[PDB]
Each structure stands twice: as C-alpha cells, then as structure tokens.
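Chemist: Can you read through this structure? Questions will come right after.
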Amino acid sequence: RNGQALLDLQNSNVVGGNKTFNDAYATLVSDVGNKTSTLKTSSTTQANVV
Amino acid sequence: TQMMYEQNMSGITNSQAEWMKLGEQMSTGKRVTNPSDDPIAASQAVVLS
Amino acid sequence: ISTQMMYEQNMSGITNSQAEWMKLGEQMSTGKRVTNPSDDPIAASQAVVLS
Amino acid sequence: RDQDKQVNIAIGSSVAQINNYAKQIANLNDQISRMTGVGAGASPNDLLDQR
Amino acid sequence: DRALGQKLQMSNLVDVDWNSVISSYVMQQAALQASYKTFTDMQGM
Amino acid sequence: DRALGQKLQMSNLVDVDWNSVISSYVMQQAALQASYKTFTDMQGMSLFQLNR
Amino acid sequence: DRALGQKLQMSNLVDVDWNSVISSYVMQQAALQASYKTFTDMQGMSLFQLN
C-alpha cells in the first residue's frame, strides 16, 4: 500500500503546484518554442534590412 | 560585381536550404521535431504521451 | 558542407528506419515477442518462475 | 475534464505569441518608414510583402 | 480502443503526409534547376 | 486444469500477435524504400551542383 | 545457435555497411569529377597567362 501510494505522487500537483510534473516539461517546451520563433523571425527581418 | 553574384548565389543557397528541410522531413518521416518544427503543438504531444 | 550534412542525414534516418525494420524482422522470424534479457527482463524472469 | 486541461493551457501558451507578433511588427514598421523615405525612389518590396 | 484513439490523434500532430511533401520536393527540385540555369547564364553574361 | 491455465498464462508473456508485426514490417519496408529513393535522388542531384 | 552468435560477433569486426560505403563512394565520386574540372579551368587560365 505504500508502494501504491508512491505511484500517486506522479498524479500530484506538488512541483508544478499550479500544475504537475507533466506540465513543467510541456510549458518549458512552449517557452522555448515562443522564443525560437520570435527570435528567428526578428533575425531574418533584420538581416533583410542590413 | 558583387551584388549580382550575391543575389544569384544566395538564391541557390535558400533554394537548397528549402530542399534540405523538405529532404529532412521526407527522409525521417516526421513532420515535427523541435521548437523550430513545432513551437506550439509539441507541448500537447508531451501531454498525450 | 551541407551537401555532406544532408546526405549524412538521409543516412541517419534510413539507418534508423532499417534498424526498426530489423528488430521487427527479429520478432518476425522467431515468432516471439521476446527472446533476450535486454528486451524486457521482467518477462524473462516471470517466464522462469512460471516454468 | 482532461479535454479542458488541454484547452486551457493551450490557449494560455497561445496568447504570448501574439504579443511577439505585435512587437515584431512595431519594430518592422519603425524601419519601413525610413526605408521608404530614405529609399527616395526605391521600395523594399520584400518588406511590403513580408509584413 | 482508448489507446487506438490516442495513437491516431498523435499521428494527427506529429506525422507527415507523404503526398504533399513528395510533391513539394519535386517542385523545389525543379526550382533548384531553374536557379542553377539562371546562375550559369548570368555568369555567362 | 491447473496446468492448462498456466499454459495459457505463459503465452501472453512471450508469444507475439502475428497481424501487428506483419502489417508493421510491411509499412516500414515501404518507408524504407522511399527514404532509399531520396538518398539516391539527393546524391545524383548533388552531382549537378558540379556537373557543369 | 552459438555458432550463429559467433558469426554475428565476427561481423562487428569485418562487415561493411553498404549504405555508409556507397554514400561515401558517390561523395568521393563527385569529388573526383569536380576536381578534374578545376584542373582544366585553371590550366586554361594558365594558357591565357601567355595567351
């Protein structure tokens, strides 16, 4: 039963408390995505200008 | 004269880079790889995983 | 340079697809989900105890 | 409930990208004015289409 | 069946449609040939 | 009967469904062939970069 | 089966991946054709050194 309880830790929100572990990975992914896209496009546009 | 050489050569370069990407996806068989291939839906991919 | 890069890439992808096909061929020929400890060891041990 | 779990975070991630759009176009438009007037006969036709 | 639905929904996101990519691939190859002929002529000047 | 039950038990651990693997290796063979083409195409084309 | 294990164990030392070798082969083949061309054009330019 303690073994059963451990598994539920994965179901817990604790670390992502507004979220869970899953959403930490996914939201970090989304962050890098926004950064990648916006910076790439800014770089391309300024290269066009130069 | 420089401008003309650069114009056509970089035309070749971007045409290649386009083909390179199509080549990447075709050879691998995955439409999506990374923040540069999918800054958006890959997160939902993690969720569904 | 990138000629090199893309041909190499093709090589990477094709080799990975072939490796998948070859593991498929393994289980294909043997007709067995598993034959090795490094496939899924727990199934192997449960097989020995069940035997 | 899980469908909603997807939906909510997905839109929350969505909004920031449009702010990125806005600031990018802000700086781009900052430059097109100069390139138009300083063009003084020229026209950055790519800056016309890209925006 | 839940797992099957998940399996296909994943393909919706990740996978690539062979037909579209092969078509674009051939078309861009043609564009490459066009660009190369352009270059060699312009250098012929 | 107790032997039969365990015999049925055994297979699920080690045996393979046949249809899944067959269909699988068929489709992966097709993909393999396509990527093979793409290699041959890309290198022959790369030859024109300089076939000039 | 142990002899087959030996056979595969032999491969790791001596067997050649056909894709790697053929990719390298066409790669160096292109190199071989191109290099000829450069020699030719450079030698023509030399001929024009005198002219």
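Each chain in the structure tokens gets a letter, A, B, ..., in the order shown, and its residues are numbered from 1; ligands are numbered from 1 in order too.
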Which residues, written as a PyMOL selection string, have at least one atom at most 10 Å from stretch 14-26 of chain B, with only C-alpha atoms counted and residues fewer than 6 positions away on the same chain left out?

Modeler: (chain B and resi 32-33+37) or (chain C and resi 2-3+5-7+9-10+13) or (chain E and resi 15-18+21-22+24-29+31-36) or (chain F and resi 31+34-35+38-39+42)

Chemist: Just C-alpha atoms for this one: save the residues we selected as a tab-separated table (two decimals), in the first residue's frame.

Modeler:
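Result saved to result.tsv:
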```tsv
chain	number	residue	atom	x	y	z
B	32	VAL	CA	7.68	17.73	-36.40
B	33	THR	CA	10.93	17.59	-34.43
B	37	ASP	CA	9.41	22.42	-36.36
C	2	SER	CA	25.76	20.91	-46.16
C	3	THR	CA	25.78	18.56	-49.09
C	5	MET	CA	25.24	17.25	-43.97
C	6	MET	CA	22.08	16.29	-45.82
C	7	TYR	CA	23.44	13.11	-47.27
C	9	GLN	CA	21.13	12.98	-42.52
C	10	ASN	CA	19.49	10.80	-45.04
C	13	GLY	CA	17.12	8.45	-40.95
E	15	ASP	CA	3.16	12.70	-38.71
E	16	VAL	CA	3.85	13.92	-42.24
E	17	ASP	CA	1.65	13.45	-45.31
E	18	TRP	CA	3.80	11.65	-47.89
E	21	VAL	CA	5.94	16.51	-49.17
E	22	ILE	CA	6.91	14.48	-52.24
E	24	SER	CA	6.78	19.92	-52.85
E	25	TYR	CA	10.08	18.03	-53.03
E	26	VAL	CA	9.88	17.52	-56.79
E	27	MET	CA	8.69	21.09	-57.32
E	28	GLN	CA	11.57	22.55	-55.31
E	29	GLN	CA	13.98	20.32	-57.23
E	31	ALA	CA	13.10	25.33	-58.78
E	32	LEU	CA	16.71	24.41	-57.98
E	33	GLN	CA	17.36	23.50	-61.60
E	34	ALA	CA	15.82	26.82	-62.61
E	35	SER	CA	18.04	28.73	-60.21
E	36	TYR	CA	21.16	26.90	-61.37
F	31	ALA	CA	9.02	3.82	-45.80
F	34	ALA	CA	11.05	5.73	-50.05
F	35	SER	CA	13.96	7.05	-47.99
F	38	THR	CA	15.53	10.04	-51.52
F	39	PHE	CA	19.18	9.20	-50.87
F	42	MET	CA	19.73	13.68	-53.49
```

Chemist: Which chain D residues are at most 7 Å from chain A (counting only C-alpha atoms), as a ChimeraX atom specification?

Modeler: /D:13,17,20,24

Chemist: Can you pull out every residue from chain F that DSSP, working from the backbone, puts in helix (DSSP H, G or I), and format the result as a ChimeraX atom specification?

Modeler: /F:2-14,18-48

Chemist: What lies within 10 Å of residue E:10 using only C-alpha atoms, ignoring chain neighbours under 2 positions off, as a PyMOL selection string?

Modeler: (chain B and resi 44-46+48-49) or (chain E and resi 4-8+12-15)

Chemist: Take the residues that were just selected and, keeping N, CA and C atoms, output them as a PDB file, in the first residue's frame.

Modeler:
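selection.pdb written:
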```
ATOM      1  N   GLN B  44       1.376  19.722 -26.422  1.00  0.00           N
ATOM      2  CA  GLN B  44       0.268  18.781 -26.359  1.00  0.00           C
ATOM      3  C   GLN B  44       0.729  17.374 -26.694  1.00  0.00           C
ATOM      4  N   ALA B  45       1.766  17.246 -27.520  1.00  0.00           N
ATOM      5  CA  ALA B  45       2.342  15.929 -27.754  1.00  0.00           C
ATOM      6  C   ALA B  45       2.877  15.335 -26.455  1.00  0.00           C
ATOM      7  N   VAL B  46       3.560  16.144 -25.655  1.00  0.00           N
ATOM      8  CA  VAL B  46       4.049  15.657 -24.364  1.00  0.00           C
ATOM      9  C   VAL B  46       2.877  15.186 -23.511  1.00  0.00           C
ATOM     10  N   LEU B  48      -0.142  14.175 -24.348  1.00  0.00           N
ATOM     11  CA  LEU B  48      -0.725  12.939 -24.847  1.00  0.00           C
ATOM     12  C   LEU B  48       0.218  11.760 -24.648  1.00  0.00           C
ATOM     13  N   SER B  49       1.529  12.006 -24.648  1.00  0.00           N
ATOM     14  CA  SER B  49       2.480  10.946 -24.338  1.00  0.00           C
ATOM     15  C   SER B  49       2.272  10.423 -22.920  1.00  0.00           C
TER      16      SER B  49
ATOM     17  N   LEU E   4      -6.098   3.192 -29.102  1.00  0.00           N
ATOM     18  CA  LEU E   4      -6.116   3.387 -30.545  1.00  0.00           C
ATOM     19  C   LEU E   4      -6.424   4.839 -30.887  1.00  0.00           C
ATOM     20  N   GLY E   5      -7.441   5.409 -30.246  1.00  0.00           N
ATOM     21  CA  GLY E   5      -7.751   6.806 -30.493  1.00  0.00           C
ATOM     22  C   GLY E   5      -6.568   7.708 -30.207  1.00  0.00           C
ATOM     23  N   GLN E   6      -5.910   7.490 -29.066  1.00  0.00           N
ATOM     24  CA  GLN E   6      -4.719   8.273 -28.747  1.00  0.00           C
ATOM     25  C   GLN E   6      -3.656   8.102 -29.823  1.00  0.00           C
ATOM     26  N   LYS E   7      -3.479   6.871 -30.295  1.00  0.00           N
ATOM     27  CA  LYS E   7      -2.424   6.567 -31.251  1.00  0.00           C
ATOM     28  C   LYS E   7      -2.620   7.343 -32.542  1.00  0.00           C
ATOM     29  N   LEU E   8      -3.858   7.402 -33.025  1.00  0.00           N
ATOM     30  CA  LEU E   8      -4.111   8.137 -34.262  1.00  0.00           C
ATOM     31  C   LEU E   8      -4.096   9.645 -34.028  1.00  0.00           C
ATOM     32  N   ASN E  12      -1.987  12.708 -35.969  1.00  0.00           N
ATOM     33  CA  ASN E  12      -2.500  13.998 -36.427  1.00  0.00           C
ATOM     34  C   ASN E  12      -1.495  15.115 -36.179  1.00  0.00           C
ATOM     35  N   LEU E  13      -0.847  15.109 -35.013  1.00  0.00           N
ATOM     36  CA  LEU E  13       0.100  16.173 -34.695  1.00  0.00           C
ATOM     37  C   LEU E  13       1.444  15.943 -35.371  1.00  0.00           C
ATOM     38  N   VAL E  14       2.041  14.774 -35.150  1.00  0.00           N
ATOM     39  CA  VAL E  14       3.455  14.601 -35.458  1.00  0.00           C
ATOM     40  C   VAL E  14       3.667  14.244 -36.921  1.00  0.00           C
ATOM     41  N   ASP E  15       2.824  13.382 -37.471  1.00  0.00           N
ATOM     42  CA  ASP E  15       3.159  12.696 -38.705  1.00  0.00           C
ATOM     43  C   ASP E  15       3.241  13.672 -39.874  1.00  0.00           C
TER      44      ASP E  15
END
```

Chemist: In Å, how far is it from atom CA of residue A:47 to atom CA of residue B:34?

Modeler: 23.4 Å

Chemist: Would you pick out the contacts of stretch 38-44 of chain C at 10 Å or less, using only C-alpha atoms, so that residues sharing its chain but fewer than 6 positions from it are not included, and give the list as a list in words?

Modeler: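 Counting only the stated atoms, we get residues 50 of chain C; 10, 12, 13 and 14 of chain F.
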
Chemist: Using N, CA, C and O atoms, can you write the selected residues to a file as a PDB file, in the first residue's frame?

Modeler:
```pdb
ATOM      1  N   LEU C  50       7.444 -19.143 -13.792  1.00  0.00           N
ATOM      2  CA  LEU C  50       6.260 -19.843 -14.270  1.00  0.00           C
ATOM      3  C   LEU C  50       6.616 -21.223 -14.813  1.00  0.00           C
ATOM      4  O   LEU C  50       5.863 -22.185 -14.617  1.00  0.00           O
TER       5      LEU C  50
ATOM      6  N   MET F  10       1.357 -18.595 -19.901  1.00  0.00           N
ATOM      7  CA  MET F  10       2.712 -18.456 -20.420  1.00  0.00           C
ATOM      8  C   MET F  10       2.729 -17.611 -21.684  1.00  0.00           C
ATOM      9  O   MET F  10       3.524 -16.672 -21.806  1.00  0.00           O
ATOM     10  N   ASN F  12       1.015 -15.246 -23.153  1.00  0.00           N
ATOM     11  CA  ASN F  12       0.865 -13.797 -23.144  1.00  0.00           C
ATOM     12  C   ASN F  12       2.171 -13.104 -22.804  1.00  0.00           C
ATOM     13  O   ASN F  12       2.413 -11.979 -23.252  1.00  0.00           O
ATOM     14  N   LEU F  13       3.023 -13.753 -22.016  1.00  0.00           N
ATOM     15  CA  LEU F  13       4.315 -13.163 -21.707  1.00  0.00           C
ATOM     16  C   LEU F  13       5.231 -13.126 -22.922  1.00  0.00           C
ATOM     17  O   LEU F  13       5.940 -12.136 -23.126  1.00  0.00           O
ATOM     18  N   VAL F  14       5.235 -14.179 -23.741  1.00  0.00           N
ATOM     19  CA  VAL F  14       6.346 -14.393 -24.662  1.00  0.00           C
ATOM     20  C   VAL F  14       5.911 -14.466 -26.119  1.00  0.00           C
ATOM     21  O   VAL F  14       6.689 -14.128 -27.018  1.00  0.00           O
TER      22      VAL F  14
END
```

Chemist: For residue G:20, find every residue with an atom within 10 Å (counting only C-alpha atoms), except residues of its own chain fewer than 5 positions away, and show them as a list in words.

Modeler: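 My list of contacting residues is residues 8, 11, 12 and 15 of chain C; 25 of chain G.
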
Chemist: Given the selection you just returned, output its residues as a file containing C-alpha atoms, formatted as a PDB file, in the first residue's frame.

Modeler:
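part_0.pdb written:
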```pdb
ATOM      1  CA  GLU C   8      24.554  12.145 -43.797  1.00  0.00           C
ATOM      2  CA  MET C  11      21.878   8.160 -43.826  1.00  0.00           C
ATOM      3  CA  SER C  12      20.834   8.648 -40.208  1.00  0.00           C
ATOM      4  CA  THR C  15      19.537   3.562 -40.838  1.00  0.00           C
TER       5      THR C  15
ATOM      6  CA  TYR G  25      31.548   6.292 -52.739  1.00  0.00           C
TER       7      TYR G  25
END
```

Chemist: Residues of chain B that have any atom at most 6 Å from an atom of chain A: could you tabulate them with the shortest-distance atom pair and the distance in Å to one decimal, using only C-alpha atoms, ordered by chain and increasing number, as a Markdown table?

Modeler:
```
| residue | atom | partner | partner_atom | distance |
| --- | --- | --- | --- | --- |
| B:35 | CA | A:33 | CA | 4.4 |
| B:39 | CA | A:33 | CA | 3.7 |
| B:43 | CA | A:26 | CA | 4.5 |
```

Chemist: Leaving out stretch 36-47 of chain G and any residue of its chain fewer than 5 positions from it, which residues lie within 10 Å of it when counting only C-alpha atoms, given as a PDB file with C-alpha atoms, in the first residue's frame?

Modeler:
```pdb
ATOM      1  CA  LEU F  50      29.047  20.460 -60.215  1.00  0.00           C
ATOM      2  CA  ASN F  51      28.017  18.650 -63.347  1.00  0.00           C
ATOM      3  CA  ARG F  52      28.699  21.909 -65.181  1.00  0.00           C
TER       4      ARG F  52
ATOM      5  CA  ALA G  31      34.825  14.962 -55.704  1.00  0.00           C
TER       6      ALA G  31
END
```

Chemist: Considering only C-alpha atoms, tabulate each residue of chain G that lies at most 10 Å from chain F along with its nearest interatomic pair and the corresponding distance in Å to one decimal; arrange the rows by chain and ascending residue number and present them as a Markdown table.

Modeler:
```
| residue | atom | partner | partner_atom | distance |
| --- | --- | --- | --- | --- |
| G:19 | CA | F:36 | CA | 9.4 |
| G:23 | CA | F:43 | CA | 8.1 |
| G:26 | CA | F:43 | CA | 7.1 |
| G:27 | CA | F:43 | CA | 7.6 |
| G:29 | CA | F:47 | CA | 9.0 |
| G:30 | CA | F:47 | CA | 6.0 |
| G:31 | CA | F:50 | CA | 9.2 |
| G:33 | CA | F:51 | CA | 8.1 |
| G:34 | CA | F:50 | CA | 6.2 |
| G:35 | CA | F:50 | CA | 9.8 |
| G:37 | CA | F:52 | CA | 8.7 |
```

Chemist: Next, dump the selected residues to file, keeping only N, CA and C atoms, as an mmCIF file, in the first residue's frame.

Modeler:
```cif
data_model
loop_
_atom_site.group_PDB
_atom_site.id
_atom_site.type_symbol
_atom_site.label_atom_id
_atom_site.label_comp_id
_atom_site.auth_asym_id
_atom_site.auth_seq_id
_atom_site.Cartn_x
_atom_site.Cartn_y
_atom_site.Cartn_z
ATOM 1 N N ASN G 19 25.304 1.053 -47.013
ATOM 2 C CA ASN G 19 24.842 2.425 -47.168
ATOM 3 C C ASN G 19 25.964 3.412 -46.876
ATOM 4 N N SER G 23 27.384 5.694 -49.883
ATOM 5 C CA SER G 23 27.275 7.136 -49.720
ATOM 6 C C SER G 23 28.640 7.779 -49.859
ATOM 7 N N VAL G 26 29.756 7.637 -53.686
ATOM 8 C CA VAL G 26 29.234 8.675 -54.568
ATOM 9 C C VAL G 26 29.797 10.027 -54.166
ATOM 10 N N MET G 27 30.018 10.233 -52.869
ATOM 11 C CA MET G 27 30.558 11.504 -52.410
ATOM 12 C C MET G 27 31.943 11.735 -53.007
ATOM 13 N N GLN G 29 33.128 10.176 -55.543
ATOM 14 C CA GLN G 29 32.996 10.193 -56.994
ATOM 15 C C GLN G 29 32.735 11.606 -57.487
ATOM 16 N N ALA G 30 31.791 12.296 -56.851
ATOM 17 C CA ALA G 30 31.564 13.698 -57.167
ATOM 18 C C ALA G 30 32.844 14.495 -56.995
ATOM 19 N N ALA G 31 33.552 14.274 -55.887
ATOM 20 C CA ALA G 31 34.825 14.962 -55.704
ATOM 21 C C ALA G 31 35.745 14.719 -56.892
ATOM 22 N N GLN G 33 35.067 13.891 -60.036
ATOM 23 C CA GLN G 33 34.657 14.613 -61.237
ATOM 24 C C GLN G 33 34.950 16.101 -61.106
ATOM 25 N N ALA G 34 34.547 16.707 -59.989
ATOM 26 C CA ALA G 34 34.749 18.140 -59.818
ATOM 27 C C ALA G 34 36.224 18.499 -59.916
ATOM 28 N N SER G 35 37.083 17.740 -59.233
ATOM 29 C CA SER G 35 38.498 18.092 -59.193
ATOM 30 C C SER G 35 39.088 18.152 -60.593
ATOM 31 N N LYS G 37 37.576 19.061 -63.211
ATOM 32 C CA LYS G 37 37.106 20.302 -63.816
ATOM 33 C C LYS G 37 37.974 21.482 -63.394
#
```
